[PDB]
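Undergrad: here is the sequence, then the experimental structure:
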Amino acid sequence: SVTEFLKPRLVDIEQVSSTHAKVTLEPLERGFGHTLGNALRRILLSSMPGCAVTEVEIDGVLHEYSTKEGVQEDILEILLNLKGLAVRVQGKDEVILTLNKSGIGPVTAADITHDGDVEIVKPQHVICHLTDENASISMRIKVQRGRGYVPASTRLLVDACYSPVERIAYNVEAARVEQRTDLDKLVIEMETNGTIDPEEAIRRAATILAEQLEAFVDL
Amino acid sequence: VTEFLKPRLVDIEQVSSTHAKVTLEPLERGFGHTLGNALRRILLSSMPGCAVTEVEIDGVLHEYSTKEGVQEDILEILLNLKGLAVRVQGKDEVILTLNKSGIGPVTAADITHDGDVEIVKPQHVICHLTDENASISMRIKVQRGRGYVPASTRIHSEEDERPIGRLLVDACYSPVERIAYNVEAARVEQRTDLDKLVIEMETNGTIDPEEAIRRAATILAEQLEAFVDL
Amino acid sequence: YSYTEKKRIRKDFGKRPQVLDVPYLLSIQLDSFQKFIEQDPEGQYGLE
Amino acid sequence: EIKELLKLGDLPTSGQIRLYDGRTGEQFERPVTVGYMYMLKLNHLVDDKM
Amino acid sequence: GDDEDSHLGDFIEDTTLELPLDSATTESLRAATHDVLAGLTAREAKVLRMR
Amino acid sequence: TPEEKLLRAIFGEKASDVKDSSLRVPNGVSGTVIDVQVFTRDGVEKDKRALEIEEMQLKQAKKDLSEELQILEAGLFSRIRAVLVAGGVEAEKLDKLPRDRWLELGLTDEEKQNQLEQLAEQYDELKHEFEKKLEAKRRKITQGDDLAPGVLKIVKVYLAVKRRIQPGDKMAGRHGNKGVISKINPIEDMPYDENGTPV
Amino acid sequence: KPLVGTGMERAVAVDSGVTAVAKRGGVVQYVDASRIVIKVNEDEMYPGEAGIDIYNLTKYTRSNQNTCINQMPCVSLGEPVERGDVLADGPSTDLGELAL
Amino acid sequence: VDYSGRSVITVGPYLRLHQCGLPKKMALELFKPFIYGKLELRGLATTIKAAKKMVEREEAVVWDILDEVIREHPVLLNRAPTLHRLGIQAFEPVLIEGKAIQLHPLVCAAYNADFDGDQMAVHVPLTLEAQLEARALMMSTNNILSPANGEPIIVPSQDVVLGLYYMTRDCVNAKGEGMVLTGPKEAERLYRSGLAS
Amino acid sequence: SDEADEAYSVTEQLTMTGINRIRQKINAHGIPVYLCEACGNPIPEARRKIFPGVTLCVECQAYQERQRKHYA
Amino acid sequence: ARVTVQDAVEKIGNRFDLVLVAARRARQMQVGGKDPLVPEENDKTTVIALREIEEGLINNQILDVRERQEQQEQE
Ligand SMILES: [Mg+2]
Ligand SMILES: [Zn+2]
């Protein structure tokens, strides 16, 4: 009748790397590719609960800029290497970690004071490299649980990439049922740091968007 | 952290018979534009209308003709019918009779009304009778659908297809014409990051705004159900 | 004002005041033919 | 005079509007020219071509 | 007097040729009839052919 | 052929003495047959449809000629009546007796009377003229059509196709900006100003 | 119609054939989708042979290019008309303007 | 030449540069014997006459059999003044519910084409040697170099150089200036989000 | 492209290599000569001031151009 | 659906023989009774023959050798 919209008959979800999925929803009724994909990527990009490093106070720099004998990296590249640090907090919130260390090699993610619920998704992640010495590198990092991506300009702060999703990008291509000329074929294609799977990322985003419409749906 | 106050329908405001701007006040910072554009595109794209689809004037064979008494060629009568905004309730198809004679404009108010049917603008003109004794006897056929089904696509109904008198018209079942939206600062009692979404909308009359954005929300929510399952 | 021009009068820019109204646009054809076919009592042109 | 007439109605004098995208709803930066142009339809129709 | 300056003798179709669809039909007809005869007793098949 | 003969014997059919060359709509076209004329050679005899269309043409020629003579009658009658309003005073003592009894009704023998005589002559001339015109018109309708040598009859159909704009048509401003429409995208997808109306 | 025209539309359409421009002043006695009848004025009337100008309009017929050439009445019953006015728009005319 | 048609090309930017749109009417008509053989191979039609009747009725399975036939059969596209050897190329047909041969944008440089009415002519290659010539010698992905000189004939023309130009530029004080990013993915995550010009 | 787009470039080459030869007939060098190389008349100061490097008086130049005008 | 023949022209050498070999190979699977060597994914015999040519398990000498051997099994 005049209320039977096409529901998709999924033809692909191909995890390319287990942090890079690509989902071929179809066949969506015409123009539904853009509504659906755009709503899901607006949500996945600017409203997604997650924890992430917010501000790290290093002992040896009062600025965002200095030299630090022992590390060859700059300090802004240490803020960089922290922005890529993907932490997952359990039921508690607003944890601080410490990463005091010294030696010869790199400084992975596992070299934190490993607290209870705070989980490093890739301990192999590289923060900074120290020289051949007893060179001191002691830092107190401070994470929180937030929603979108808040830069540090809105506030040693860090641009807080709270959301899991690193890159959403859909495409609408012309699918087809037996005679109908044009319909939709959403090709979502997602990446995440690992804190939540791409499949689960889309699932949670769509669940958010569907919860928002509770006052309006009818049976 | 993960609360997301869902919106609800604060005051609907019927500025006029067709122009009606709804409001969904408590929207998180960001869901304003997402909901607004999603809803606007669902309203403009997919909504149920009850337009005219088949017309049968009394003694006309095609629409490329003329009938003594009417000052418009039949093509103009059909183009004047196609914009006839009507609202059916009970059925999904109905045959409205139009019997008129005498000099004067012929308007949708002169259609023989049944309880199912509501002709929303009775002052909307269908023809212009201009003889002392000449009449139009037509049997329009309203029916309900979604979007734009043009006449040519629709003439493959196989059997009884179809007597020389019946003239199909392009059906344009979609009651909303304009839909614009604005996201403004929703001053809740104690918050600072809140916006309300106001949706103008300009129907032809056959659609109520709360009913409209209830069906729109229904559509988008069921498609999101398909997404969430995976 | 002509009755067909008070129906929808076109806002006219353009500053020069018109001195010679536009001719009859089809004048060459009609003129030359009806000069060709016409009882004209002299050898000006035409059939005779 | 065209500015004068665009100002008679409440249009923007510079002849340009800010359109919003119909698919993403995000405003096109660099405001665009939108007006009313008289489009003919030359009868090189395709279905006498194909 | 057209663009190509083609003459009249190039707009005369050949109304005797058989359309390739028709020849490709009766080749299929030879196939079908041979098939039908194959499912017959040799007496009746030879009589049908020879007849 | 061979085996075609067997296939004929099997199903008892007869290859028809005729083959068909019937006028079918050229492929792609789709429209309403809005008129059909039948030119027939003079030697032949008209079929049912040609005589039907002659019936239609004669009745329509009569109806047109009589509608027109009636409109001219009405104008003439009203002018003569407006003369019989002054000088010949029957204000509405004239709107009931026979209108055809106005070419011979009362007045002075003034210029008004000369006008009334002239108008009555106009009435009789209208009658005579439209009669002769109807006779000529009927003879023209039912008179043999001339045809190319060898053609028996000719049947002309006038479809009325209705083209709709679609990707591949040419459009143009008046300023020499041609361009082929390449997509007819939906409404939602079009750029829309802040007020909500799309380009 | 052109929302932006050069005023030559009116003259080009009238001086073309397709418009059914009036032949003499008067009142539109009975209009219709196929014919316009004009009770001419008395002052623009001929002395004997009163008459009234009845135009028949060409309905759907094909031009040489297979376009449809068909006139439409732009006047309304009881509406005055003056000499040289426009009674019916041909193909591609709007009230005696060239709408292409 | 048989198995050939012409029509009006349009843009079709959604494409890849190795395909070309091709209307269902054109496709169904140039490819008749292919569909006939396939309908009587799949058993969808008893005879070949039945197959002709089925196609001229244009049933729901005729279209699917068409899209089965079309798949790897590249069709040659050619333009009117064949000034050089890139005036003939070959693409794979993407069936297009329409009436215009949507030709990929980058290829108009080669064809010297533009979309103000220029008609293009599609030819079908019948045999297998012909399909391998087209797919190996004439495919539109195999000639990205001008044969006049190795410089490519695939240079983006006008909408795309202006979009690319507008993208890779820089204001002197735009939104989100100065901040440092973990990589290009964060760049798009800001831009689409709305935090950086 | 189109008719008008190549016609523009044809007209543009036409105009440019029409400006350039008329502009190359102009003398831009400096070598005052003071004596018309055909008649020896002294080229006045002003007629040498406008076109520096002019090596003919105005009379002899008019003659030579009148001769040029028939392609002799 | 295969887009370029870069690696096919690479493996077989000449590019006018990438045509001919692929064409005869495909002819074996369209006319003859052969089975494609590589897993066909709704592929046409032309593209299948090119795909075999490209991995380096079908080319001129191989096809000639198989025709010889087949006629040697003709016994
Ligand atoms: Mg061109
Ligand atoms: Zn001198």
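TA: Right, received. Where do you want to start? Numbers count the residues shown, from 1 in each chain, chains lettered A, B, ... in the order given. Ligands and ions are numbered 1, 2, ... in the order given.

Undergrad: residue nearest the centroid of chain D?
TA: A centroid search over chain D (CA atoms, centre = their mean) returns residue D:34, at 2.6 Å, as the residue closest to the centre.

Undergrad: quickly list what the closest residue in space to that residue that isn't next to it in sequence is bridged to.
TA: Take residue D:34 and drop its neighbours on the chain: the residue closest to it by CB to CB, 6 or more residues apart in numbering or on different chains is residue D:17, 4.8 Å away. Bear in mind the C-beta positions are built from the backbone N, C-alpha and C, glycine included. On the basis of DSSP bridges, residue D:17 is bridged to residue D:32.

Undergrad: again, but for residue A:56
TA: Beta-bridge partners of residue A:56, as defined by DSSP bridges: residue A:141.

Undergrad: hmm, who's touching the longest helix along chain J?
TA: For chain J, the helix that runs over the most residues, judged by DSSP state H, is helix J:16-30. Counting contacts by CB atoms under 8 Å, 6 or more residues apart in numbering or on different chains, the residues outside helix J:16-30 that touch it are H:128-129, H:132-133, H:136-137, J:5, J:8-9, J:12, J:34-36, J:44-46, J:48-50, J:52-53, J:58-60, J:63.

Undergrad: hmm, stretch A:151-164 touching chain H?
TA: Yes - judged by CB under 8 Å from any CB of the partner chain, stretch A:151-164 and chain H are in contact via A:151, A:152, A:153, A:159, A:161.

Undergrad: can you tell me the closest non-neighbouring residue to the second one?
TA: Leaving aside its chain neighbours, residue A:152 sits nearest to residue A:159 (5.1 Å; criterion: CB to CB, 6+ apart).

Undergrad: correct me, but the one you found touches residue A:84?
TA: No - counting by CB atoms under 8 Å, residue A:159 does not reach residue A:84; the two are 11.4 Å apart.

Undergrad: same drill for the two, tell me which one is more crowded.
TA: Comparing residue A:159 with residue A:84 by other CB atoms under 10 Å in any protein chain shown, the one with more neighbours is residue A:159, at 25 against 19.

Undergrad: who's in contact with the more buried one?
TA: Residue A:159 touches A:83, A:149, A:150, A:151, A:152, H:179, counting by CB under 8 Å, 6+ apart.

Undergrad: give the burial count for the closest residue to residue C:44 other than its chain neighbours, as a bare number.
TA: Take residue C:44 and drop its neighbours on the chain: the residue closest to it by CB to CB, 6+ apart is residue C:35, 7.9 Å away. The local packing of residue C:35 (other CB under 10 Å) involves 12 other residues.

Undergrad: residue A:45: which element?
TA: When elements are defined using DSSP states H and E, residue A:45 is found to belong to helix A:32-46.

Undergrad: got the angle between that helix and helix B:31-45?
TA: Counting by axes from the mean of the first three to the mean of the last three CA atoms, to 10 degrees, helix A:32-46 lies at 180 degrees to helix B:31-45.

Undergrad: for stretch E:20-34, which positions count as buried?
TA: Buried residues in stretch E:20-34, counted by 16 or more other CB atoms under 10 Å in any protein chain shown: E:24, E:25, E:26, E:28, E:29, E:33.

Undergrad: hang on, the fifth one in a helix?
TA: Spelled out, that is residue E:29. Yes - applying DSSP: H, G, I helix; E, B strand; the rest coil, one finds residue E:29 inside a helix.

Undergrad: OK, contacts around it?
TA: F:3, F:4, F:7.

Undergrad: residue D:44 contacts residue F:171, doesn't it?
TA: No - using CB under 8 Å, residue D:44 is not in contact with residue F:171; the gap is 9.7 Å.
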